[PDB]
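Summary of structural features
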There are 2 protein chains.
Amino acid sequence: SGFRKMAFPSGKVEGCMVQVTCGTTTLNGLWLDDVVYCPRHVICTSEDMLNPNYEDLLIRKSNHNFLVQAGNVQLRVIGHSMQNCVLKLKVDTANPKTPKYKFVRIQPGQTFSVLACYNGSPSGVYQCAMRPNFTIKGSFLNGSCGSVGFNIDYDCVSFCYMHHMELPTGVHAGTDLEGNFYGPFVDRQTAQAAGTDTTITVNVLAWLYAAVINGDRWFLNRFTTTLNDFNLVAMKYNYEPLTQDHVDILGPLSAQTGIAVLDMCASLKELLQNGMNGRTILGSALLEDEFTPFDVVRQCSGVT
Amino acid sequence: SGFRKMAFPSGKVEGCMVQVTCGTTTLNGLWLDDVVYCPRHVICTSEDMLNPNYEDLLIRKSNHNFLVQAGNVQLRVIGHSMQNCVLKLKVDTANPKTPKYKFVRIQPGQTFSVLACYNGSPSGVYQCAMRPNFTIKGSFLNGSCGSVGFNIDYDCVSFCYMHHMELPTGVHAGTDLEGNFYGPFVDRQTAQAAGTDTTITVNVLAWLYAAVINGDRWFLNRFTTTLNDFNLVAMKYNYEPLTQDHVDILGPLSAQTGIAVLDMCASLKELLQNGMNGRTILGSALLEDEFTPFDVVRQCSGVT
Ligand SMILES: O=C(Cc1ccc(Cl)s1)Nc1cccnc1
Ligand SMILES: O=C(Cc1ccc(Cl)s1)Nc1cccnc1
């Protein structure tokens, strides 16, 4: 028993972290096979970031201008190309530590681990969620760009995110491993404001199931609700509308605890309308939305 | 910017996780050099745990009874000994992935990362703190015993904890890497109740500094306090007494923000007496006590 914001073991991803220097800019790269992936703003100076023309800026860069360093050895760059907002630096040596991997573009609400890096060296690992407004609430500093988000299925790593930028509101924006930004963000130093940060309803419900499985049951009540009734209350509190699909995904959690999904929605509805009244659920004084139904089942069953 | 409960990269520790089977009991072991460390209750059956005599139970066990498996290869056990509540299984092969390591016994209030394992395979990583009552609030299931807690200083791993047991209150108890339990716990299936879980005051103050550094300043007030005044309020709310030593340790955080430590104590005093009034600090609706002053400086400066 016990519930923690648990990240995937980062070992497989540490072996892929390299340092990419272009001029005076140093950031992190992801070395998989003979390719090093990094954010394309490595070729920019602070001033360039105001109105960058990446195709133009790229012309002035050659293979020998990108300094790729793995640990303390230098990698030879034999080719470079821009795919969307990521640069792909083809090196002559394939990464001996390349795990089985996939590049996946996640949906908002989905969660993943982040291995925060600086100078290609990992410094920490935390569990994040892709917010419904396509931002992430991470912990990134200058030099952290190129740090990646990932999921693991036994031995295969699914890379889903690369960090690119901090918006003026302190939230984070990045791309998938094909260079496409999540959301409407662009790699420019301009006025970019995120949309409403709604709460991931299916994730709070999963975490309420996780609490019940661990002994925290005070929030369980005698009431039930319907999808349309619950959603009228979810709308008012900036909670994502709950669909029959989310209900189905909570099925295994509903089965293990014997609490029908609509009964847990009615509990969540009361928590929304009345607050926690100074109480805690899983040691948290607010409704946690960064555990998916899959994460609860995984943590509660011990998937290695 | 941004503040996350960030764990150390687990790669160096994953390379040390092995599976230890003794009879029908399988748990996790820590393979450093030619020694495998595991909880001594590997030699017990569920029934034995009521009143175990480990020296007696150990006599009936030989080198060939301990099955040590690293990944999928079997390790040959050429010696075994009991040091306090841990077994040390000497194997013939030194772990090629042995990082630079130390065995340290941490103080309560100190924080560390946990690589939760099952069948010697890592499943997740989270950041914990050794509570003042010598328990930890982790996420451990059956099969998790032998999972370790650690800190990293650049490339050296300081192993500080091994998981041994879940108390009936769902909290966790374990030993340092010499087999000595933290707190008054014993590896018996008997009535063991933990003491008061007090809040780590110096850690909340550090996290208030971390919030100020990230833009969350609403809790800053016009007041100050003294160590004795603040402590009268800390006593009432089950907060650890703050010493001049804790004040000195917050010195670098006080210097970076320009907020005197006693001014932050007065802010904390108001938060204790009046609550958050529905507000959040660093996205948390309660006062977080699992970041030490060292962790704040590390996360906020990017120590790799
Ligand atoms: O945002 C940048 C670099 C950029 C400046 C202007 C851009 Cl457009 S991208 N670094 C950063 C710093 C702290 C946390 N996350 C990211
Ligand atoms: O506590 C035990 C095994 C023991 C039974 C009686 C003892 Cl004394 S030690 N496993 C466990 C399960 C879930 C989480 N943490 C630990």
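In what follows, the structure referred to is the one given above.
The sections below set out a description of the structure shown in this document. (Residues numbered from 1 in each chain as written, not as in the entry; some residues may be left out. Chains lettered and ligands numbered in written order. Heavy atoms only, no water.)

Brief notes about the overall build of chain A
Counting its regular elements, chain A contains eight helices and 13 strands. Computed over the C-alpha atoms, the radius of gyration of chain A is 21 Å, within 12% of the 19 Å expected from 2.2 N^0.38 for a compact globule of 304 residues. The principal-axis extent of the C-alpha atoms belonging to chain A is close to 70 × 40 × 30 Å. The 304 residues of chain A split such that 55% are buried. (Helix = DSSP H or I, 4+ residues; strand = E, 2+ residues; numbered from the N terminus. Rg over C-alpha atoms; globule rule 2.2 N^0.38 Å. Buried < 20%, exposed > 50% of the residue type's maximum accessible area, 1.4 Å probe, protein only.)

Let's talk about the packing of aromatic side chains
Counted under the stated rule, the structure contains 18 aromatic pairs over all chains. Ring centres of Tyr161 of chain B and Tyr182 of chain B lie 6.4 Å apart, and the angle between their planes is 25 degrees; on these two criteria the pair is classed as stacked. You can see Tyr161 of chain B sitting in strand β12 (residues 156-166) and its partner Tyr182 of chain B sitting in the loop between β13 (172-175) and α3 (201-213), a full 21 residues away along the chain. By relative accessible area, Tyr182 of chain B is classed as buried at 1%. Grouping aromatic residues by their ring pairs yields a cluster made of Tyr37, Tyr101, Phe103 and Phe159 of chain A. One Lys or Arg, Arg279 of chain A, reaches over the ring of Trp218 of chain A and ends 4.0 Å from the middle of that ring. Geometry around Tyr54 of chain B places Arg40 of chain B over its ring, the cationic atom sitting 3.8 Å from the centre. (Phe/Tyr/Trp six-rings, centres within 6.5 Å; stacked < 30°, edge-to-face > 60°. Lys NZ or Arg CZ within 6 Å of the ring centre and 35° of its normal.)

What to know about the packing of helix α4 (residues 227-236) of chain A against helix α7 (residues 261-274) of chain A
Residue and element names in this part refer to chain A. Close contact between α4 and α7 brings their axes to 10 Å; oriented N to C, the two are set at 25 degrees. Of the possible angle classes, the one that applies to α4 and α7 is roughly parallel. In this structure, α4 crosses over α7, and the sense of that crossing is left-handed. Where α4 approaches α7, its residues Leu227, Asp229, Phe230 and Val233 are matched on the opposing element by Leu262, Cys265, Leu268, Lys269, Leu272 and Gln273. Taken together, the residues that form the contact of α4 with α7 break down as seven nonpolar, one polar and two charged. (Axes fitted to C-alpha atoms, helices over the stretch in contact; angles between N-to-C directions. Parallel < 35°, antiparallel > 145°, perpendicular 65-115°, else oblique. Left-handed = near helix turned anticlockwise from the far one by under 90°. Contact = heavy atoms within 4.5 Å. Nonpolar A, V, L, I, M, F, W, Y, C, P; charged D, E, K, R; others polar.)

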